[PDB]
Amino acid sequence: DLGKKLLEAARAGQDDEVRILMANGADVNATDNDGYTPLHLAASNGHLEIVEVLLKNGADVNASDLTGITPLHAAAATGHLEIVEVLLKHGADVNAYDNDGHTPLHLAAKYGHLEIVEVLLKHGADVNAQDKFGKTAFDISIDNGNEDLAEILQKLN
């Protein structure tokens, strides 16, 4: 019961409720049937303070959902730069691959998030990572018409 409530409070950005639920014993690593954890939903919905308190209560920074997406994938795809930085600071795996073979760098490129691409690169993103169709972040940029990103990535190896 409490796990499902915690997931919702994290998604919704209800800071007091998140803290009350954890204190009542809600599993910070509870998962729904898509494999979403409170950390996934706080990251995707841009709730940085909630991301931080979840991490302090033992949330698994590298938990994978049913599609293989981790909290860092979620923050990167959704353009949340500050959350990306917090997750990296807590050891999020910069080169985690989802079920399609996409790393956080691939998803940042797909959704056009230049700052996040820069930060992932600085934190050691494998620029040569290939997805299930052999595509790099550079290829994804070209496919999605993100020419400024393509410019940045084209000469990297």
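Residues carry their position along the shown sequence, with the first being 1.
- On average the C-alpha atoms of 62-70 have higher B-factors than those of the other stretch, with 62-70 and 35-43 being the two compared.
- Per-stretch averaging of Cα B factors for 4-12 and 146-154 places 146-154 on top.
- The PDB entry gives the largest Cα B-factor of the residues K56, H123, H102, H113 to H123.
- Among the modelled residues of its chain, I140 has a C-alpha B-factor that falls in the highest third, as given in the PDB entry.
- Placement of the Cα temperature factor of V51 within the chain: lowest third of the modelled residues, per the deposited record.
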